[PDB]
Enquirer: 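Just passing along the structure, written as structure tokens.
Every chain is numbered from 1, with letters handed out A, B, ... down the list of sequences. For ligands, and for the atoms within them, numbers begin at 1 and follow the listed sequence. Heavy atoms only: backbone and side chains are in, while hydrogens, waters and symmetry mates are out.
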Amino acid sequence: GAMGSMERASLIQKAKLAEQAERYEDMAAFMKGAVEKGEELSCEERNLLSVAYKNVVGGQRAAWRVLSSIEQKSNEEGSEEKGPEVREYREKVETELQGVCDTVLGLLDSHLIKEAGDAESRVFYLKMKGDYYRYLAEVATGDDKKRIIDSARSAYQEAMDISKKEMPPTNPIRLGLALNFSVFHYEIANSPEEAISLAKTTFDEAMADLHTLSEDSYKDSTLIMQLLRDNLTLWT
Amino acid sequence: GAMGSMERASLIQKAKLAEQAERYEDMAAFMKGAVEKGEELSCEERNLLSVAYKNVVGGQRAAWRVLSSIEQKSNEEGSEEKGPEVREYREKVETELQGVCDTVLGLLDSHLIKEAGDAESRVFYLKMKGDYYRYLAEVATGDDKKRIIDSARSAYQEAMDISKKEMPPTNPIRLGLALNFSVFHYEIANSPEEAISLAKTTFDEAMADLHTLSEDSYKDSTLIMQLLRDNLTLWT
Amino acid sequence: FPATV
Amino acid sequence: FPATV
Ligand SMILES: [Ca+2]
Ligand SMILES: [Ca+2]
Ligand SMILES: [Ca+2]
Ligand SMILES: [Ca+2]
Ligand SMILES: [Ca+2]
Ligand SMILES: [Ca+2]
Ligand SMILES: [Cl-]
Ligand SMILES: [Cl-]
């Protein structure tokens with residue numbers, strides 16, 4: 001595509017520069033270009049890909065929430081009619097968000113997931129698949145909402161099955177997957193009890209494995225464990 | 001252009017929504033569309049225009065500074081050669097920034113300034129002209145740098161002449177113009193003494209006129225006076 | 001909103 | 001950087 005003429009290594013280098021400059025749209029475009037070279041991604045490169053799109057979609061989600069709240073208020077009793085503009089602009093932002101999600105899901109399907117054989121890579125990409133279907137579910141209101149939710153669930157579940165077989169309970173990818181799948185249960189699937197159970201079991205199994213870790217690995221795992229605890233505190 | 005089919009009032013409404021959602025690129029595009037309808041802008045509409053572009057160009061300037069610093073370090077003694085990528089990406093961001101400045105200057109020239117007869121509107125637009133030429137000067141390194149600096153100076157000077165004749169010394173537009181022209185002197189024109197003199201004289205003349213103001217006007221003027229004081233403290 | 005990574 | 005508005 002647009003980045004077809006730039007070297008893979010140059011795209012990676014520029015993604016890192018874009019991150020330093022907080023230019024996340026550029027970062028995402030560079031990493032899309034790097035994926036489309038067709039080679040597998042290293043650990044570092046996978047994290048550049050995820051950081052870039054997380055920041056782009058994160059801004060879109062925040063904007064969508066603002067606009068949705070204004071729209072909800074416009075449709076309350078006693079609200080004066082202001083015309084189609086709030087709905088139109090919310091729809092514009094929504095369409096852009098859906099486009100970013102479709103872009104990410106497209107990269108995963110063509111062909112990151114199918115070439116990922118190691119547990120660390122495969123779980124990482126399946127977590128991404130679940131996350132981006134979750135973002136589509138957040139804005140879905142139509143005939144496909146159930147199918148979108150089931151697509152998220154299925155991706156998370158495959159990732160969980162691999163992670164439990166192949167990774168220690170303190171592995172950061174495994175922990176972050178569980179954190180996000182727990183949020184899926186609470187916020188998307190209307191299953192708060194499942195969310196709470198998953199967060200608690202994950203935390204406790206990680207606690208019991210901390211003794212095996214170096215100082216630096218301990219720091220990484222305990223950071224994510226604290227996010228599990230934070231959600232449990234929010235929900236209980 | 002792109003917004004040619006949308007009502008003026010709808011563009012204004014959506015600019016306000018975009019501001020609430022912190023979608024400043026969208027805000028700027030809506031306000032560009034509103035300007036291109038050909039009617040003069042109200043006070044409120046002028047401030048939507050300035051806020052939108054200030055935020056867009058502000059992000060570009062911050063990114064440019066990050067990339068320029070990396071590039072400067074790459075060209076120091078003992079630095080390992082990393083190829084053309086840092087320069088290329090700095091150039092990309094620079095070109096985008098220059099494009100935004102050219103867009104704003106184009107709106108001012110076609111035809112906001114020529115139709116602005118009231119002091120408040122004319123000074124507001126001439127301040128913008130000076131500011132956007134100043135942003136072009138920040139990145140200029142070639143045969144036109146002197147001409148760009150002189151274009152900024154000329155716009156600021158016309159604005160200052162009108163403001164001194166037609167506005168009280170506490171007027172926020174007059175104060176903000178003086179603040180920015182003082183920064184032009186310090187950072188662009190290599191004239192720190194002129195910068196300091198202008199900030200001090202502006203502050204002192206405003207101080208002497210505060211007694212004439214309502215509580216709310218006093219608040220507005222004193223806020224900007226504090227920025228003058230902050231710059232003086234930085235520079236002395 | 002709850003924490004995700 | 002100095003303050004501008
Ligand atoms: Ca190559
Ligand atoms: Ca829609
Ligand atoms: Ca493989
Ligand atoms: Ca009309
Ligand atoms: Ca250039
Ligand atoms: Ca006029
Ligand atoms: Cl729209
Ligand atoms: Cl580039």
Side-chain angles (χ1 to χ4, degrees), chain A residues 1-18 21 23 26 29-42 45 48 82-85 88-89 111, chain B residues 1-16 29-42 44-45 48 57 59-72 74-75 82-105 111 132-149 151-152 188:
Chain A
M3 296 299 177
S5 65
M6 202 184 311
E7 288 278 15
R8 188 184 188 281
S10 299
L11 290 162
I12 301 299
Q13 186 177 351
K14 292 180 186 182
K16 292 174 194 174
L17 294 169
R23 293 272 295 196
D26 289 348
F30 294 139
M31 292 308 302
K32 177 173 187 288
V35 169
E36 291 173 344
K37 299 301 178 183
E39 298 284 9
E40 295 184 36
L41 303 187
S42 68
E45 295 162 354
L48 293 169
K82 303 278 162 63
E85 294 85 356
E88 289 171 351
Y89 185 50
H111 296 276
Chain B
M3 296 299 177
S5 65
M6 202 184 311
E7 288 278 15
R8 188 184 188 281
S10 299
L11 290 162
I12 301 299
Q13 186 177 351
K14 292 180 186 182
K16 292 174 194 174
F30 294 139
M31 292 308 302
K32 177 173 187 288
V35 169
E36 291 173 344
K37 299 301 178 183
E39 298 284 9
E40 295 184 36
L41 303 187
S42 68
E44 184 175 8
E45 295 162 354
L48 293 169
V57 82
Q60 296 174 314
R61 292 165 68 208
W64 184 95
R65 294 172 190 168
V66 166
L67 298 172
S68 188
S69 172
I70 296 166
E71 191 183 9
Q72 287 178 67
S74 83
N75 293 337
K82 303 278 162 63
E85 294 85 356
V86 171
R87 176 189 53 79
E88 289 171 351
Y89 185 50
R90 187 270 297 155
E91 284 175 349
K92 177 186 170 175
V93 173
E94 184 174 302
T95 298
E96 188 191 287
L97 183 162
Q98 291 168 324
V100 168
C101 296
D102 290 347
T103 293
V104 172
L105 293 167
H111 296 276
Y132 284 84
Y133 275 113
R134 171 161 61 85
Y135 309 147
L136 291 174
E138 289 177 340
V139 306
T141 62
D143 67 294
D144 283 321
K145 187 177 171 61
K146 290 177 182 181
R147 275 183 276 277
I148 294 168
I149 291 174
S151 289
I188 309 298

Enquirer: Which atom name would you report as the N, O or S atom of B:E94 nearest the Ca ion (ligand 5)?
Expert: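 Checking each N, O and S atom of B:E94, the shortest distance to the Ca ion (ligand 5) belongs to OE2.
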Enquirer: Salt bridge or not for B:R87 and B:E91, using N-O below 4.0 Å?
Expert: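 Yes, B:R87 and B:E91 are salt-bridged.
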Enquirer: Determine which of the N, O or S atoms in B:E7 is closest to the Ca ion (ligand 4) and give its atom name.
Expert: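 When I compare the N, O and S atoms of B:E7, OE1 is nearest to the Ca ion (ligand 4).
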Enquirer: Regarding B:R8 and B:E39, does a basic nitrogen lie under 4.0 Å from an acidic carboxylate oxygen?
Expert: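 Salt bridge flag = no for B:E39 with B:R8.
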Enquirer: Can you tell me if an N/O/S atom from B:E91 lies under 3.0 Å from the Ca ion (ligand 5)?
Expert: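 No, B:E91 does not qualify, because none of its backbone or side-chain N, O or S atoms lies under 3.0 Å.
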Enquirer: Salt bridge check: are B:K16 and A:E85 linked by an N-O gap of less than 4.0 Å?
Expert: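 Judged by the 4.0 Å cut-off on N to carboxylate O distance, B:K16 and A:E85 do not form a salt bridge.
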Enquirer: Between A:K32 and A:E36, does any side-chain N to carboxylate O distance fall below 4.0 Å?
Expert: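 Yes.
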